[PDB]
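Trainee: As numbered in the deposited numbering, residues 2 to 450 make up the sequence shown, in order.
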Amino acid sequence: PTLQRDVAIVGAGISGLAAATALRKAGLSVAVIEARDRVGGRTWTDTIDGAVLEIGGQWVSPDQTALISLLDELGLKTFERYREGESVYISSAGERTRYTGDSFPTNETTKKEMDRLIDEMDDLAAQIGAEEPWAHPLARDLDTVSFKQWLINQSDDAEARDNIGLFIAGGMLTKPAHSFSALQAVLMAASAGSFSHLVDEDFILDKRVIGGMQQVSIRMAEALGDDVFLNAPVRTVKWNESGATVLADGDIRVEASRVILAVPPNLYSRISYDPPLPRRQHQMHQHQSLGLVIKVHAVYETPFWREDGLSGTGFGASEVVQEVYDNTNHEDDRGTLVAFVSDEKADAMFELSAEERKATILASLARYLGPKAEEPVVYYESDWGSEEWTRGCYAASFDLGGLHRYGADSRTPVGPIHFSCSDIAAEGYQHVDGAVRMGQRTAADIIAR
Ligand SMILES: Cc1cc2nc3c(=O)[nH]c(=O)nc-3n(C[C@H](O)[C@H](O)[C@H](O)COP(=O)(O)OP(=O)(O)OC[C@H]3O[C@@H](n4cnc5c(N)ncnc54)[C@H](O)[C@@H]3O)c2cc1C
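(1) Under three-state DSSP, which class holds residue 7?
(2) Roughly how many angstroms separate the alpha carbons of residue 250 and residue 338, rounded to a whole number?
(3) Short check: CB of residue 1 to CB of residue 148, under 8 Å?
(4) Which residues does DSSP list as the beta-bridge partners of residue 46?
(5) For residue 331, is the beta carbon positioned less than 7 Å from some heavy atom of ligand 1?
(6) State the Cα-Cα distance for the pair residue 373 and residue 305, rounded to the nearest angstrom.
(7) Based on the DSSP secondary-structure assignment, which residues constitute the bridge partners of residue 296?
(8) Below 7 Å, is the gap between the Cβ of residue 47 and the nearest heavy atom of ligand 1?
(9) Assuming residue 344 contacts residue 175 (C-beta within less than 8 Å), just tell me the rounded distance between them.
(10) So which of 368, 378, 205, 254 has the shortest CA-CA distance to residue 92?
(11) When we look at the beta-carbon of residue 138 and count the other beta-carbons within 10 Å, is it buried (16 or more) or exposed?
(12) Just mark residue 1 as buried or exposed, buried being the case when its beta carbon has 16 or more other beta carbons within 10 Å.
(13) Figure out for me which residue from 16, 205, 8, 140 has the closest Cα to the Cα of residue 71.
(14) Measuring straight from C-alpha to C-alpha, what distance separates residue 135 and residue 333?
(15) From the DSSP output, read off the bridge partner residues of residue 418.
(16) Around the Cβ of residue 331, are there at least 16 other Cβ atoms within 10 angstroms (buried) or fewer (exposed)?
(17) Across which residues does DSSP place residue 98 in a beta bridge pair?
(18) By Cβ distance below 8 Å, which residues in the same chain neighbour residue 156 in space, the five residues on each side in sequence not counted?
(19) Our contact map puts residue 321 next to residue 365 with C-beta atoms below 8 Å; I'd like the distance itself, whole angstroms only.
(20) Judging by CA-CA distance, which residue of 380, 247, 280, 278 is the nearest neighbour of residue 1?
(21) With DSSP as the reference, identify every bridge partner of residue 385, one or two as the case may be.
(22) Below 6 Å CB to CB, which residues in the same chain sit around residue 78 once its five sequence neighbours on both sides are set aside?
(23) For residue 75, I'd like the list of residues in its chain whose CB is within less than 6 Å of its CB, leaving aside the five on either flank, ordered along the chain.
(24) Look up residue 246 in the DSSP assignment and give the residues it is bridged to.
(25) Would you give the residue range spanned by the beta strand (DSSP E) that residue 79 belongs to?
(26) Check whether the region 263-272 and the region 232-244 are in contact - that is, three or more C-beta pairs closer than 8 Å.
(27) Expressed to the nearest angstrom, what Euclidean distance is found between the alpha-carbon atoms of residue 146 and residue 159?
(28) Indicate whether residue 10 and residue 222 have their beta-carbon atoms separated by less than 8 Å.
(29) Scan the region 108-165 and note each continuous alpha helix (DSSP H) run of 4 residues or more that stays entirely inside, going in chain order.
(30) Is the closest heavy atom of ligand 1 to the C-beta of residue 212 under 7 Å?
(31) Assuming contact is defined by CB atoms lying nearer than 8 Å, are residue 165 and residue 184 in contact in what I supplied?
(32) What is the DSSP secondary structure of residue 359, reduced to helix, strand or coil?
(33) Go ahead and pull the three-state DSSP assignment for residue 314.
(34) Looking at residue 311 and residue 42, is the spacing between their C-beta atoms short of 8 Å?
(35) Ligand 2 and residue 367: does any heavy atom of the ligand fall closer than 7 Å to the residue's C-beta?
(36) Run through DSSP, which three-state label would residue 324 get?
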């Protein structure tokens, strides 16, 4: 088939779909062309051994106002993650302590260094912002020092440094702290409202969508009907000043005035551009890369930890599993845990056989929540790294030095080609809410021209 549209959109993730949605409301015609046999991208609900699981993005925080509006508009409701009872902290010394409230049960010294580092991150985020962090007079010095070396410059206390790392390195960028800059940590902080919001799992991990985060794409895509094309990898974009022809598998050909690349930036060069994108894009794209995390799911006949008075929340910067949370489905009576193995720790796990990796991860959950954690009825690991249409998780970020050198160019159109994904977002950077903001921002740009 061949069609004409105002706008061809590559990818039916949140970002592409929100763009299409905003475009249609303005009266422009669209086609959304999607490689996979489904919409949603890095959001996906699936059933593994008869257990429904959220394989990808899923949590909504209170400052993600673009996503919260969108849910409302689509008739979707939220429920909150269970947080009653005590959380578990594992120290660098291997000590394991139950606690509630806002800081980790370390000694008073470490507690104070932590508070200091968190205040300093909040202050830099408030000054620098998420819209154009590379623009600030502090930017260059913060972008040429790794986050690790920055923590070293700020504090002699390793346990406080590792804990701060826990929330940004392993908990957001999913990269080790020696490999992104301090400016990138600040961006991540600014993008979520403040560093303190990232520290508090009651904020950043506040809510889930009844029916699963994937319903958001599924419902946007449904409203578009036949303008969504699945099982259609885009291969080729031919373009000039006044438009673009988009070529996809199954002999799809869309002639359009503008194209949106709604794909994460490590995937831009899966498509041939004719003529080639300019030098700046050739270079900039090579410097963007996804992190890596193993999202572990474990289903038990009851949420057993609630009986021992535990929330299900656990943190330990020294553990293979650095975080665990109650992830029980809305009105499920079966208990589900979610846990995260980040970056180089994920590499090490992936080198063990499937069976050794499971036992190792499970032995780690047991250290937080006791030996019942080792006998789940269902066990699963989200594997985004293997997916040719994603290739990592949660999201992409520049190598060290990239943010200030290329940040100004990451949203800039090339002729009729626009770029829209959470990985280039300002507020909501790397998250579903960032994908919505960018899709709407892109739509809004195309519409006013
Ligand atoms: C394990 C994991 C857990 C997460 N947890 C959180 C969380 O709880 N909350 C939060 O907000 N976010 C979370 N995220 C991040 C969030 O899901 C992403 O930020 C967001 O969904 C990205 O949306 P997107 O539209 O920008 O890109 P994507 O969802 O990646 O969509 C891009 C789409 O493009 C398609 N595509 C790529 N190339 C082509 C091509 N050449 N032709 C056609 N189609 C193509 C892909 O198949 C894909 O559907 C998580 C992500 C992962 C990976």
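All C-beta atoms in this analysis are idealised placements derived from N, C-alpha and C, irrespective of residue type, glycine included.
Mentor: Here's the rundown:
(1) Counted from its first residue, the sequence shown places residue 7 at position 6. If DSSP states are grouped into helix, strand and coil, residue 7 belongs with the strands.
(2) If you number the sequence shown from 1, residue 250 lands on position 249. If you number the sequence shown from 1, residue 338 lands on position 337. Straight-line Cα distance between these residues: approximately 39 Å.
(3) In the structure as shown, the chain starts at 2 and stops at 450, and residue 1 therefore has no counterpart that could be examined.
(4) Working through the sequence shown from its first residue, we reach residue 46 at position 45. Beta-bridge pairing links residue 46 to 55.
(5) The sequence position of residue 331 within the sequence shown is 330, counting from 1. Outside the cutoff, so no.
(6) Locating residue 373 in the sequence shown gives position 372, where the first residue counts as 1. Locating residue 305 in the sequence shown gives position 304, where the first residue counts as 1. Looking at the two C-alpha atoms, the distance is approximately 8 Å.
(7) For the purposes of this step, residue 296 is taken as residue 295 along the sequence shown, with counting starting at 1. BP columns for residue 296 point to 341.
(8) As a first step, residue 47 is located in the sequence shown; it is residue number 46 there, counting from the start. No, since every heavy atom of ligand 1 falls outside the 7 Å radius drawn around the Cβ of residue 47.
(9) Residue mapping note: residue 344 aligns to position 343 of the sequence shown, counting from 1. Residue mapping note: residue 175 aligns to position 174 of the sequence shown, counting from 1. Confirmed, about 6 Å.
(10) As a working note, residue 92 is residue 91 in the sequence shown. Of the candidates 368, 378, 205, 254, the one whose C-alpha sits nearest the C-alpha of residue 92 is 368.
(11) Here residue 138 corresponds to residue number 137 of the sequence shown, with the count starting at 1. Classification for residue 138: exposed.
(12) Lying before the first or after the last residue shown, residue 1 is absent from the chain, which here runs from 2 to 450.
(13) Taking the sequence shown and counting its residues from 1, the one referred to as residue 71 is at position 70. Nearest option by C-alpha distance: 16.
(14) Here the question's residue 135 lines up with position 134 in the sequence shown. Here the question's residue 333 lines up with position 332 in the sequence shown. Computed Cα separation, rounded: 45 Å.
(15) As a position in the sequence shown, residue 418 is number 417, starting the count at 1. For residue 418, which the question treats as bridged, DSSP gives the partners 260, 415.
(16) Counting from one through the sequence shown, the residue named residue 331 turns up at place 330. Residue 331 is exposed by the Cβ-count criterion.
(17) Mapped onto the sequence shown, residue 98 falls at position 97. Per DSSP, 90.
(18) By 1-based counting over the sequence shown, the position of residue 156 is 155. Contacts found: 114, 117, 118, 162.
(19) Stepping through the sequence shown from its first residue, residue 321 is reached at position 320. Stepping through the sequence shown from its first residue, residue 365 is reached at position 364. Yes, residue 321 and residue 365 are in contact; Cβ-Cβ is about 5 Å, under 8 Å.
(20) Since the first residue of the chain shown is 2 and the last is 450, residue 1 is not available in this structure.
(21) Within the sequence shown, numbered from 1, the residue matching residue 385 stands at position 384. Bridge partners of residue 385: none, in fact.
(22) Here residue 78 corresponds to residue number 77 of the sequence shown, with the count starting at 1. If we look at residue 78 and ignore the five residues flanking it on each side, its Cβ neighbours are 211.
(23) The count along the sequence shown starts at 1 and reaches residue 75 at position 74. Cβ within range, chain order: 220.
(24) Numbered from its first residue, the sequence shown carries residue 246 at position 245. Bridge partners of residue 246: 239, 256.
(25) Your numbering for residue 79 matches position 78 in the sequence shown. Segment 79-81, the beta strand (DSSP E) holding residue 79.
(26) yes
(27) Taking the sequence shown and counting its residues from 1, one reaches residue 146 at position 145. Taking the sequence shown and counting its residues from 1, one reaches residue 159 at position 158. Cα to Cα, the separation comes out at about 18 Å.
(28) On the sequence shown, residue 10 is found 9 positions in, with the first residue counted as 1. On the sequence shown, residue 222 is found 221 positions in, with the first residue counted as 1. For residue 10 and residue 222, no; Cβs fall outside 8 Å.
(29) 109-129, 140-144, 148-155
(30) What you label residue 212 is simply residue 211 of the sequence shown in a count that begins at 1. No, since every heavy atom of ligand 1 falls outside the 7 Å radius drawn around the Cβ of residue 212.
(31) As a first step, residue 165 is located in the sequence shown; it is residue number 164 there, counting from the start. As a first step, residue 184 is located in the sequence shown; it is residue number 183 there, counting from the start. Cβ atoms of residue 165 and residue 184: not closer than 8 Å.
(32) Here the question's residue 359 lines up with position 358 in the sequence shown. Of the three classes helix, strand and coil, the one that applies to residue 359 here is helix, per DSSP.
(33) The count along the sequence shown starts at 1 and reaches residue 314 at position 313. Three-state result, residue 314: strand.
(34) Numbered from its first residue, the sequence shown carries residue 42 at position 41. Numbered from its first residue, the sequence shown carries residue 311 at position 310. Their beta carbons are not under 8 Å apart, which means residue 42 does not touch residue 311 by this criterion.
(35) What this structure holds is ligand 1, not ligand 2.
(36) One-based indexing of the sequence shown puts residue 324 at position 323. If DSSP states are grouped into helix, strand and coil, residue 324 belongs with the strands.
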